[PDB]
$ cat my_file00.txt   # compact mmCIF, C-alpha atoms
# COMPACT_ATOMS: atom_id res chain seq x y z
CA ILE A 319 27.81 61.27 -121.16
CA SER A 320 30.45 62.23 -123.76
CA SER A 321 33.56 61.69 -121.60
CA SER A 322 34.53 59.99 -118.30
CA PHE A 323 37.86 60.51 -116.48
CA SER A 324 39.27 60.79 -112.98
CA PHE A 325 40.94 63.85 -111.53
CA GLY A 326 41.85 64.54 -107.88
CA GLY A 327 40.04 61.37 -106.85
CA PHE A 328 36.78 62.43 -108.47
CA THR A 329 35.20 60.83 -111.47
CA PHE A 330 34.11 63.50 -113.92
CA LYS A 331 31.39 62.65 -116.37
CA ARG A 332 30.82 65.23 -119.05
CA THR A 333 27.12 65.79 -119.61
CA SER A 334 27.33 68.64 -122.03
CA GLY A 335 29.66 70.66 -124.13
CA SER A 336 33.13 70.08 -125.31
CA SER A 337 36.60 71.50 -125.23
CA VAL A 338 39.92 71.58 -126.98
CA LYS A 339 43.28 71.57 -125.20
CA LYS A 340 45.62 74.46 -125.96
CA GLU A 341 49.09 74.72 -124.45
CA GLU A 342 49.44 78.11 -122.73
CA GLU A 343 51.88 79.82 -120.47
CA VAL A 344 50.65 81.10 -117.09
CA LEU A 345 52.26 82.89 -114.18
CA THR A 346 51.64 81.56 -110.69
CA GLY A 347 51.27 83.66 -107.56
CA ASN A 348 54.82 82.47 -106.77
CA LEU A 349 55.95 84.04 -110.03
CA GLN A 350 56.65 80.71 -111.72
CA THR A 351 55.94 80.60 -115.42
CA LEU A 352 54.09 77.29 -116.06
CA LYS A 353 53.06 75.64 -119.33
CA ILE A 354 49.58 74.19 -118.94
CA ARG A 355 47.12 72.59 -121.28
CA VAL A 356 44.21 74.96 -121.04
CA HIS A 357 40.75 73.49 -121.78
CA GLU A 358 38.95 75.82 -124.15
CA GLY A 359 35.18 75.58 -124.21
CA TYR A 360 32.02 75.41 -122.12
CA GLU A 361 31.43 72.06 -120.40
CA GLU A 362 29.25 70.61 -117.70
CA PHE A 363 30.18 67.65 -115.53
CA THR A 364 28.96 65.60 -112.67
CA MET A 365 31.80 64.88 -110.23
CA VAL A 366 31.70 61.82 -108.04
CA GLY A 367 34.21 61.21 -105.32
CA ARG A 368 34.45 58.77 -102.47
CA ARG A 369 32.90 61.30 -100.05
CA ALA A 370 31.23 64.07 -102.04
CA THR A 371 29.52 64.76 -105.36
CA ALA A 372 29.00 67.89 -107.41
CA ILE A 373 27.65 69.47 -110.57
CA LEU A 374 30.27 71.66 -112.28
CA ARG A 375 29.57 74.15 -115.07
CA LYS A 376 32.68 75.76 -116.46
CA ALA A 377 34.13 77.51 -119.43
CA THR A 378 37.63 78.52 -120.52
CA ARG A 379 39.55 79.31 -117.29
CA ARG A 380 36.23 80.15 -115.67
CA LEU A 381 34.12 78.43 -113.02
CA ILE A 382 30.49 79.20 -113.73
CA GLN A 383 28.70 77.10 -111.16
CA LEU A 384 29.57 74.42 -108.63
CA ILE A 385 26.89 72.73 -106.54
CA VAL A 386 28.45 70.36 -104.07
CA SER A 387 26.97 67.70 -101.78
CA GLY A 388 29.08 66.04 -99.06
CA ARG A 389 29.00 64.20 -95.70
CA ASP A 390 30.89 66.92 -93.84
CA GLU A 391 32.85 70.14 -94.30
CA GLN A 392 36.17 68.41 -95.01
CA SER A 393 34.58 66.41 -97.87
CA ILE A 394 32.91 69.51 -99.32
CA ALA A 395 36.29 71.42 -99.12
CA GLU A 396 38.01 68.60 -101.06
CA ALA A 397 35.49 68.84 -103.93
CA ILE A 398 35.71 72.59 -103.97
CA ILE A 399 39.53 72.45 -104.21
CA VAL A 400 39.45 70.00 -107.10
CA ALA A 401 36.81 71.99 -108.95
CA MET A 402 38.73 75.32 -108.48
CA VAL A 403 41.95 73.69 -109.81
CA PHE A 404 40.15 71.98 -112.65
CA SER A 405 38.52 75.39 -113.57
CA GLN A 406 42.07 76.68 -114.37
CA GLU A 407 40.94 80.10 -113.22
CA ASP A 408 43.68 82.67 -113.04
CA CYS A 409 42.53 83.46 -109.52
CA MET A 410 43.51 79.89 -108.52
CA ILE A 411 46.84 80.18 -110.41
CA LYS A 412 47.59 83.46 -108.55
CA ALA A 413 46.85 81.87 -105.18
CA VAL A 414 49.82 79.44 -105.58
CA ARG A 415 52.50 80.21 -102.95
CA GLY A 416 55.36 77.85 -103.72
CA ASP A 417 57.22 76.20 -106.52
CA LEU A 418 55.58 73.48 -108.59
CA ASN A 419 57.64 70.73 -110.18
CA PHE A 420 57.58 66.93 -110.58
CA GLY A 421 58.14 66.71 -106.81
CA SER A 422 54.48 67.80 -106.53
CA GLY A 423 53.03 65.69 -109.32
CA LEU A 424 53.34 64.39 -112.80
CA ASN A 425 51.81 67.31 -114.68
CA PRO A 426 51.11 70.83 -113.66
CA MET A 427 47.40 70.20 -113.03
CA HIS A 428 48.32 67.53 -110.48
CA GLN A 429 51.03 69.74 -109.01
CA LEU A 430 48.53 72.53 -108.49
CA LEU A 431 46.10 70.15 -107.00
CA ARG A 432 48.62 68.75 -104.53
CA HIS A 433 49.70 72.28 -103.60
CA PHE A 434 46.17 73.31 -102.65
CA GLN A 435 45.31 70.00 -100.96
CA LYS A 436 48.13 70.67 -98.48
CA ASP A 437 46.72 74.14 -97.66
CA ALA A 438 43.78 75.84 -99.42
CA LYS A 439 43.48 78.93 -97.21
CA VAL A 440 45.01 81.34 -99.76
CA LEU A 441 42.90 79.84 -102.58
CA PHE A 442 39.71 80.17 -100.53
CA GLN A 443 40.63 83.64 -99.34
CA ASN A 444 41.44 84.99 -102.79
CA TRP A 445 38.63 83.30 -104.79
CA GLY A 446 35.93 85.89 -104.03
CA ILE A 447 32.52 85.84 -102.32
CA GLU A 448 29.08 86.92 -103.37
CA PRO A 449 25.71 87.41 -101.79
CA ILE A 450 23.27 84.66 -102.53
CA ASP A 451 19.48 84.13 -102.93
CA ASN A 452 17.44 81.56 -101.00
CA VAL A 453 16.90 78.22 -102.81
CA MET A 454 15.42 75.02 -101.42
CA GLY A 455 18.00 72.33 -100.87
CA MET A 456 20.92 74.88 -101.10
CA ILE A 457 23.16 77.05 -98.86
CA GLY A 458 26.33 79.16 -99.18
CA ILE A 459 29.78 78.17 -97.99
CA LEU A 460 32.22 80.80 -96.76
CA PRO A 461 36.00 80.84 -97.35
CA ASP A 462 36.53 79.38 -93.90
CA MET A 463 34.25 76.45 -94.93
CA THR A 464 31.36 77.38 -92.62
CA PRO A 465 27.80 77.54 -93.96
CA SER A 466 25.94 80.78 -94.68
CA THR A 467 22.45 81.54 -95.90
CA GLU A 468 23.62 85.00 -96.97
CA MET A 469 26.97 84.82 -98.78
CA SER A 470 29.09 82.23 -100.52
CA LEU A 471 32.28 81.53 -102.38
CA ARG A 472 31.73 82.95 -105.88
CA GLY A 473 29.81 80.49 -108.02
CA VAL A 474 29.70 77.85 -105.27
CA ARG A 475 26.64 76.44 -103.44
CA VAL A 476 26.19 73.47 -101.15
CA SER A 477 23.20 71.19 -101.58

$ encode --input "my_file00.txt" --output "structure tokens"
Amino acid sequence: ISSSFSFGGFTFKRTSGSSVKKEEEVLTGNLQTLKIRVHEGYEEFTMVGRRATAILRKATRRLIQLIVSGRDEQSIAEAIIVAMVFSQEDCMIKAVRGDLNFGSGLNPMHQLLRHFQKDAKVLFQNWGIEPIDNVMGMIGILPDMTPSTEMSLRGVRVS
């Protein structure tokens, strides 16, 4: 473990890789120009929350893989939201549908998080899906947060 921090009520422990923060300007789906510290590099984490856990593999503004384990669908959705925000993917940025400011949180990453925690339907809808293969212990999760053995949110599996 080369780093431990908390984000969105999950403890992230970095198990591999590294990154450097670079300030960058992005345009939200509400057409707000935001300055964010983009994490540049490939990293793997375990995420541990009160009600769910996950493995997250990610690179610069890119979710590679997320395998989530939770008690119920709500708990799994929470982990998925945090991971999608933390990924900094432009898809997630473009799913934003209101203004973000200090009203929402102390930095833009928290503002984005709070935005999607209120309502993740546009995020989940716009993220993308993919067919999946069969793997013991794992299943797909659709945008409406129901399970599927056939398709899943892009890069996401439930254990």

$ atom_distance --input "my_file00.txt" --atom1 "atom CA of residue 463 of chain A" --atom2 "atom CA of residue 477 of chain A"
13.9 Å

$ residues_near_point --input "my_file00.txt" --point "(54.0, 85.3, -102.3)" --cutoff "8 Å" --atoms "all atoms listed in the file" --output "PyMOL selection string"
chain A and resi 347-348+414-416

$ write_last_selection --input "my_file00.txt" --atoms "C-alpha atoms" --output "PDB file, in the coordinates of the input"
ATOM      1  CA  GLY A 347      51.270  83.660-107.560  1.00  0.00           C
ATOM      2  CA  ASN A 348      54.820  82.470-106.770  1.00  0.00           C
ATOM      3  CA  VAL A 414      49.820  79.440-105.580  1.00  0.00           C
ATOM      4  CA  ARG A 415      52.500  80.210-102.950  1.00  0.00           C
ATOM      5  CA  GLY A 416      55.360  77.850-103.720  1.00  0.00           C
TER       6      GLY A 416
END

$ closest_residue --input "my_file00.txt" --among "A:455, A:340, A:370, A:331" --to "residue 391 of chain A" --atoms "only C-alpha atoms"
A:370

$ atom_distance --input "my_file00.txt" --atom1 "atom CA of residue 329 of chain A" --atom2 "atom CA of residue 386 of chain A"
13.8 Å

$ closest_residue --input "my_file00.txt" --among "A:385, A:411, A:395, A:476" --to "residue 439 of chain A" --atoms "only C-alpha atoms"
A:395

$ closest_residue --input "my_file00.txt" --among "A:368, A:475, A:379, A:357" --to "residue 393 of chain A" --atoms "only C-alpha atoms"
A:368

$ residues_around --input "my_file00.txt" --residues "residue 435 of chain A" --least-positions-apart "2" --cutoff "12 Å" --atoms "all atoms listed in the file" --output "list in words"
residues 326, 327, 392, 393, 395, 396, 397, 398, 399, 400, 401, 402, 403, 414, 422, 428, 429, 430, 431, 432, 433, 437, 438, 439, 440, 441 and 442 of chain A

$ write_last_selection --input "my_file00.txt" --atoms "C-alpha atoms" --output "compact mmCIF listing (two decimals), in the coordinates of the input"
# COMPACT_ATOMS: atom_id res chain seq x y z
CA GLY A 326 41.85 64.54 -107.88
CA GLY A 327 40.04 61.37 -106.85
CA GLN A 392 36.17 68.41 -95.01
CA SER A 393 34.58 66.41 -97.87
CA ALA A 395 36.29 71.42 -99.12
CA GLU A 396 38.01 68.60 -101.06
CA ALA A 397 35.49 68.84 -103.93
CA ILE A 398 35.71 72.59 -103.97
CA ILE A 399 39.53 72.45 -104.21
CA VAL A 400 39.45 70.00 -107.10
CA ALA A 401 36.81 71.99 -108.95
CA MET A 402 38.73 75.32 -108.48
CA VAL A 403 41.95 73.69 -109.81
CA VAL A 414 49.82 79.44 -105.58
CA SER A 422 54.48 67.80 -106.53
CA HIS A 428 48.32 67.53 -110.48
CA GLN A 429 51.03 69.74 -109.01
CA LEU A 430 48.53 72.53 -108.49
CA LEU A 431 46.10 70.15 -107.00
CA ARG A 432 48.62 68.75 -104.53
CA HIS A 433 49.70 72.28 -103.60
CA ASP A 437 46.72 74.14 -97.66
CA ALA A 438 43.78 75.84 -99.42
CA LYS A 439 43.48 78.93 -97.21
CA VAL A 440 45.01 81.34 -99.76
CA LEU A 441 42.90 79.84 -102.58
CA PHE A 442 39.71 80.17 -100.53

$ residues_around --input "my_file00.txt" --residues "residue 457 of chain A" --least-positions-apart "6" --cutoff "9 Å" --atoms "all atoms listed in the file" --output "ChimeraX atom specification"
/A:450-451,465-470,475-477

$ closest_residue --input "my_file00.txt" --among "A:333, A:405, A:322, A:444" --to "residue 380 of chain A" --atoms "all atoms listed in the file"
A:405

$ residues_near_point --input "my_file00.txt" --point "(44.7, 82.7, -111.0)" --cutoff "9 Å" --atoms "only C-alpha atoms" --output "MDAnalysis selection string"
chainID A and resid 344:347 379 406:414 445

$ write_last_selection --input "my_file00.txt" --atoms "C-alpha atoms" --output "PDB file, keeping the file's coordinate frame"
ATOM      1  CA  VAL A 344      50.650  81.100-117.090  1.00  0.00           C
ATOM      2  CA  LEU A 345      52.260  82.890-114.180  1.00  0.00           C
ATOM      3  CA  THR A 346      51.640  81.560-110.690  1.00  0.00           C
ATOM      4  CA  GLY A 347      51.270  83.660-107.560  1.00  0.00           C
ATOM      5  CA  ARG A 379      39.550  79.310-117.290  1.00  0.00           C
ATOM      6  CA  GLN A 406      42.070  76.680-114.370  1.00  0.00           C
ATOM      7  CA  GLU A 407      40.940  80.100-113.220  1.00  0.00           C
ATOM      8  CA  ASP A 408      43.680  82.670-113.040  1.00  0.00           C
ATOM      9  CA  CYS A 409      42.530  83.460-109.520  1.00  0.00           C
ATOM     10  CA  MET A 410      43.510  79.890-108.520  1.00  0.00           C
ATOM     11  CA  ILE A 411      46.840  80.180-110.410  1.00  0.00           C
ATOM     12  CA  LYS A 412      47.590  83.460-108.550  1.00  0.00           C
ATOM     13  CA  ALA A 413      46.850  81.870-105.180  1.00  0.00           C
ATOM     14  CA  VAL A 414      49.820  79.440-105.580  1.00  0.00           C
ATOM     15  CA  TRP A 445      38.630  83.300-104.790  1.00  0.00           C
TER      16      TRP A 445
END

$ atom_distance --input "my_file00.txt" --atom1 "atom CA of residue 328 of chain A" --atom2 "atom CA of residue 351 of chain A"
27.3 Å

$ closest_residue --input "my_file00.txt" --among "A:443, A:350, A:321, A:364" --to "residue 384 of chain A" --atoms "only C-alpha atoms"
A:364

$ residues_around --input "my_file00.txt" --residues "residue 425 of chain A" --least-positions-apart "6" --cutoff "12 Å" --atoms "all atoms listed in the file" --output "PyMOL selection string"
chain A and resi 325+352-355+418-419+431-432

$ decode --input "my_file00.txt" --residues "segment 328-377 of chain A" --atoms "N, CA and C atoms" --output "PDB file, in the first residue's frame"
ATOM      1  N   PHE A 328     -15.387   6.376   1.274  1.00  0.00           N
ATOM      2  CA  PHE A 328     -14.670   5.173   1.010  1.00  0.00           C
ATOM      3  C   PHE A 328     -13.217   5.438   1.338  1.00  0.00           C
ATOM      4  N   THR A 329     -12.612   4.496   2.014  1.00  0.00           N
ATOM      5  CA  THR A 329     -11.152   4.470   2.100  1.00  0.00           C
ATOM      6  C   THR A 329     -10.548   3.787   0.889  1.00  0.00           C
ATOM      7  N   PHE A 330      -9.642   4.509   0.245  1.00  0.00           N
ATOM      8  CA  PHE A 330      -8.918   4.081  -0.926  1.00  0.00           C
ATOM      9  C   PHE A 330      -7.531   3.711  -0.468  1.00  0.00           C
ATOM     10  N   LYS A 331      -7.091   2.519  -0.825  1.00  0.00           N
ATOM     11  CA  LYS A 331      -5.732   2.132  -0.546  1.00  0.00           C
ATOM     12  C   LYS A 331      -5.110   1.814  -1.878  1.00  0.00           C
ATOM     13  N   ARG A 332      -4.044   2.523  -2.219  1.00  0.00           N
ATOM     14  CA  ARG A 332      -3.404   2.311  -3.504  1.00  0.00           C
ATOM     15  C   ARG A 332      -2.436   1.145  -3.431  1.00  0.00           C
ATOM     16  N   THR A 333      -2.671   0.175  -4.300  1.00  0.00           N
ATOM     17  CA  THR A 333      -1.958  -1.101  -4.272  1.00  0.00           C
ATOM     18  C   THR A 333      -0.966  -1.128  -5.411  1.00  0.00           C
ATOM     19  N   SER A 334      -1.102  -0.240  -6.377  1.00  0.00           N
ATOM     20  CA  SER A 334      -0.130  -0.244  -7.426  1.00  0.00           C
ATOM     21  C   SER A 334      -0.216   1.053  -8.167  1.00  0.00           C
ATOM     22  N   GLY A 335       0.903   1.416  -8.764  1.00  0.00           N
ATOM     23  CA  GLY A 335       0.937   2.557  -9.642  1.00  0.00           C
ATOM     24  C   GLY A 335       1.155   3.868  -8.921  1.00  0.00           C
ATOM     25  N   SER A 336       1.057   4.922  -9.681  1.00  0.00           N
ATOM     26  CA  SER A 336       1.213   6.227  -9.107  1.00  0.00           C
ATOM     27  C   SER A 336       0.608   7.248 -10.042  1.00  0.00           C
ATOM     28  N   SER A 337       0.456   8.450  -9.522  1.00  0.00           N
ATOM     29  CA  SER A 337      -0.012   9.533 -10.362  1.00  0.00           C
ATOM     30  C   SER A 337       0.543  10.868  -9.917  1.00  0.00           C
ATOM     31  N   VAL A 338       0.417  11.827 -10.811  1.00  0.00           N
ATOM     32  CA  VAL A 338       0.749  13.205 -10.569  1.00  0.00           C
ATOM     33  C   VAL A 338      -0.485  14.076 -10.865  1.00  0.00           C
ATOM     34  N   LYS A 339      -0.714  15.084 -10.047  1.00  0.00           N
ATOM     35  CA  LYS A 339      -1.850  15.956 -10.178  1.00  0.00           C
ATOM     36  C   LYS A 339      -1.494  17.070 -11.144  1.00  0.00           C
ATOM     37  N   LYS A 340      -2.384  17.331 -12.093  1.00  0.00           N
ATOM     38  CA  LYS A 340      -2.191  18.408 -13.058  1.00  0.00           C
ATOM     39  C   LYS A 340      -3.487  19.229 -13.143  1.00  0.00           C
ATOM     40  N   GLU A 341      -3.385  20.523 -12.920  1.00  0.00           N
ATOM     41  CA  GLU A 341      -4.594  21.333 -12.965  1.00  0.00           C
ATOM     42  C   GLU A 341      -5.010  21.397 -14.419  1.00  0.00           C
ATOM     43  N   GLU A 342      -6.293  21.189 -14.688  1.00  0.00           N
ATOM     44  CA  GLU A 342      -6.830  21.190 -16.061  1.00  0.00           C
ATOM     45  C   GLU A 342      -8.240  21.735 -16.064  1.00  0.00           C
ATOM     46  N   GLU A 343      -8.608  22.329 -17.184  1.00  0.00           N
ATOM     47  CA  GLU A 343      -9.897  22.921 -17.340  1.00  0.00           C
ATOM     48  C   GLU A 343     -10.806  21.914 -18.055  1.00  0.00           C
ATOM     49  N   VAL A 344     -11.989  21.664 -17.498  1.00  0.00           N
ATOM     50  CA  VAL A 344     -12.965  20.811 -18.162  1.00  0.00           C
ATOM     51  C   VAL A 344     -14.323  21.498 -18.274  1.00  0.00           C
ATOM     52  N   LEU A 345     -15.105  21.012 -19.216  1.00  0.00           N
ATOM     53  CA  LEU A 345     -16.433  21.566 -19.460  1.00  0.00           C
ATOM     54  C   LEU A 345     -17.487  20.542 -19.077  1.00  0.00           C
ATOM     55  N   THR A 346     -18.311  20.896 -18.111  1.00  0.00           N
ATOM     56  CA  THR A 346     -19.388  20.030 -17.668  1.00  0.00           C
ATOM     57  C   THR A 346     -20.508  19.922 -18.697  1.00  0.00           C
ATOM     58  N   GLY A 347     -21.377  18.927 -18.507  1.00  0.00           N
ATOM     59  CA  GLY A 347     -22.583  18.808 -19.314  1.00  0.00           C
ATOM     60  C   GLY A 347     -23.570  19.947 -19.067  1.00  0.00           C
ATOM     61  N   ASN A 348     -23.313  20.805 -18.081  1.00  0.00           N
ATOM     62  CA  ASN A 348     -24.115  22.011 -17.886  1.00  0.00           C
ATOM     63  C   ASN A 348     -23.433  23.237 -18.496  1.00  0.00           C
ATOM     64  N   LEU A 349     -22.349  22.989 -19.197  1.00  0.00           N
ATOM     65  CA  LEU A 349     -21.550  23.980 -19.863  1.00  0.00           C
ATOM     66  C   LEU A 349     -20.832  24.915 -18.904  1.00  0.00           C
ATOM     67  N   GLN A 350     -20.497  24.409 -17.713  1.00  0.00           N
ATOM     68  CA  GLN A 350     -19.640  25.128 -16.786  1.00  0.00           C
ATOM     69  C   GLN A 350     -18.185  24.726 -16.987  1.00  0.00           C
ATOM     70  N   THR A 351     -17.321  25.726 -17.101  1.00  0.00           N
ATOM     71  CA  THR A 351     -15.905  25.457 -17.228  1.00  0.00           C
ATOM     72  C   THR A 351     -15.335  25.321 -15.832  1.00  0.00           C
ATOM     73  N   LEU A 352     -14.819  24.134 -15.473  1.00  0.00           N
ATOM     74  CA  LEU A 352     -14.310  23.853 -14.116  1.00  0.00           C
ATOM     75  C   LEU A 352     -12.822  23.595 -14.154  1.00  0.00           C
ATOM     76  N   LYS A 353     -12.098  24.074 -13.141  1.00  0.00           N
ATOM     77  CA  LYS A 353     -10.672  23.758 -12.998  1.00  0.00           C
ATOM     78  C   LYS A 353     -10.576  22.616 -12.019  1.00  0.00           C
ATOM     79  N   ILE A 354     -10.067  21.486 -12.484  1.00  0.00           N
ATOM     80  CA  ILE A 354      -9.894  20.311 -11.638  1.00  0.00           C
ATOM     81  C   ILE A 354      -8.441  19.868 -11.648  1.00  0.00           C
ATOM     82  N   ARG A 355      -8.035  19.242 -10.541  1.00  0.00           N
ATOM     83  CA  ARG A 355      -6.764  18.580 -10.480  1.00  0.00           C
ATOM     84  C   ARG A 355      -6.938  17.166 -11.021  1.00  0.00           C
ATOM     85  N   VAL A 356      -6.477  16.984 -12.248  1.00  0.00           N
ATOM     86  CA  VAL A 356      -6.568  15.711 -12.899  1.00  0.00           C
ATOM     87  C   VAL A 356      -5.397  14.829 -12.429  1.00  0.00           C
ATOM     88  N   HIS A 357      -5.705  13.591 -12.055  1.00  0.00           N
ATOM     89  CA  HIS A 357      -4.706  12.583 -11.680  1.00  0.00           C
ATOM     90  C   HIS A 357      -4.211  11.829 -12.920  1.00  0.00           C
ATOM     91  N   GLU A 358      -2.925  12.013 -13.203  1.00  0.00           N
ATOM     92  CA  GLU A 358      -2.309  11.494 -14.391  1.00  0.00           C
ATOM     93  C   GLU A 358      -1.483  10.302 -14.025  1.00  0.00           C
ATOM     94  N   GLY A 359      -1.869   9.140 -14.556  1.00  0.00           N
ATOM     95  CA  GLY A 359      -1.201   7.887 -14.307  1.00  0.00           C
ATOM     96  C   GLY A 359      -2.134   6.719 -14.099  1.00  0.00           C
ATOM     97  N   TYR A 360      -1.570   5.511 -14.149  1.00  0.00           N
ATOM     98  CA  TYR A 360      -2.318   4.269 -13.961  1.00  0.00           C
ATOM     99  C   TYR A 360      -2.165   3.904 -12.499  1.00  0.00           C
ATOM    100  N   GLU A 361      -3.282   3.613 -11.838  1.00  0.00           N
ATOM    101  CA  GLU A 361      -3.297   3.242 -10.421  1.00  0.00           C
ATOM    102  C   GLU A 361      -4.369   2.223 -10.152  1.00  0.00           C
ATOM    103  N   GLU A 362      -4.116   1.376  -9.176  1.00  0.00           N
ATOM    104  CA  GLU A 362      -5.063   0.416  -8.683  1.00  0.00           C
ATOM    105  C   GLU A 362      -5.263   0.666  -7.219  1.00  0.00           C
ATOM    106  N   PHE A 363      -6.509   0.491  -6.761  1.00  0.00           N
ATOM    107  CA  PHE A 363      -6.938   0.732  -5.416  1.00  0.00           C
ATOM    108  C   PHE A 363      -7.886  -0.376  -4.932  1.00  0.00           C
ATOM    109  N   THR A 364      -7.925  -0.576  -3.622  1.00  0.00           N
ATOM    110  CA  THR A 364      -9.033  -1.220  -3.023  1.00  0.00           C
ATOM    111  C   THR A 364      -9.829  -0.066  -2.409  1.00  0.00           C
ATOM    112  N   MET A 365     -11.157  -0.147  -2.442  1.00  0.00           N
ATOM    113  CA  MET A 365     -12.012   0.848  -1.853  1.00  0.00           C
ATOM    114  C   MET A 365     -12.804   0.135  -0.793  1.00  0.00           C
ATOM    115  N   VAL A 366     -12.849   0.723   0.399  1.00  0.00           N
ATOM    116  CA  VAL A 366     -13.619   0.171   1.488  1.00  0.00           C
ATOM    117  C   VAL A 366     -14.499   1.207   2.133  1.00  0.00           C
ATOM    118  N   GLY A 367     -15.793   0.985   1.999  1.00  0.00           N
ATOM    119  CA  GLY A 367     -16.786   1.842   2.573  1.00  0.00           C
ATOM    120  C   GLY A 367     -17.463   1.160   3.737  1.00  0.00           C
ATOM    121  N   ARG A 368     -18.415   1.872   4.322  1.00  0.00           N
ATOM    122  CA  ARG A 368     -19.206   1.303   5.401  1.00  0.00           C
ATOM    123  C   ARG A 368     -20.055   0.110   4.935  1.00  0.00           C
ATOM    124  N   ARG A 369     -20.478   0.120   3.668  1.00  0.00           N
ATOM    125  CA  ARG A 369     -21.466  -0.850   3.187  1.00  0.00           C
ATOM    126  C   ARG A 369     -21.119  -1.560   1.870  1.00  0.00           C
ATOM    127  N   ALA A 370     -19.949  -1.282   1.332  1.00  0.00           N
ATOM    128  CA  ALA A 370     -19.530  -1.922   0.094  1.00  0.00           C
ATOM    129  C   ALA A 370     -18.011  -1.829   0.023  1.00  0.00           C
ATOM    130  N   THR A 371     -17.429  -2.693  -0.797  1.00  0.00           N
ATOM    131  CA  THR A 371     -16.015  -2.662  -1.124  1.00  0.00           C
ATOM    132  C   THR A 371     -15.823  -2.820  -2.614  1.00  0.00           C
ATOM    133  N   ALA A 372     -14.655  -2.445  -3.124  1.00  0.00           N
ATOM    134  CA  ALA A 372     -14.380  -2.619  -4.536  1.00  0.00           C
ATOM    135  C   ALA A 372     -12.875  -2.666  -4.792  1.00  0.00           C
ATOM    136  N   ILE A 373     -12.542  -3.178  -5.963  1.00  0.00           N
ATOM    137  CA  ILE A 373     -11.248  -3.065  -6.601  1.00  0.00           C
ATOM    138  C   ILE A 373     -11.498  -2.095  -7.740  1.00  0.00           C
ATOM    139  N   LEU A 374     -10.626  -1.104  -7.872  1.00  0.00           N
ATOM    140  CA  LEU A 374     -10.650  -0.083  -8.913  1.00  0.00           C
ATOM    141  C   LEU A 374      -9.308  -0.019  -9.633  1.00  0.00           C
ATOM    142  N   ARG A 375      -9.352  -0.225 -10.925  1.00  0.00           N
ATOM    143  CA  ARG A 375      -8.180  -0.005 -11.800  1.00  0.00           C
ATOM    144  C   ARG A 375      -8.511   1.188 -12.677  1.00  0.00           C
ATOM    145  N   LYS A 376      -7.620   2.164 -12.703  1.00  0.00           N
ATOM    146  CA  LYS A 376      -7.926   3.368 -13.470  1.00  0.00           C
ATOM    147  C   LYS A 376      -6.685   3.977 -14.043  1.00  0.00           C
ATOM    148  N   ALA A 377      -6.855   4.811 -15.064  1.00  0.00           N
ATOM    149  CA  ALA A 377      -5.753   5.569 -15.575  1.00  0.00           C
ATOM    150  C   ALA A 377      -6.221   7.011 -15.736  1.00  0.00           C
TER     151      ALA A 377
END
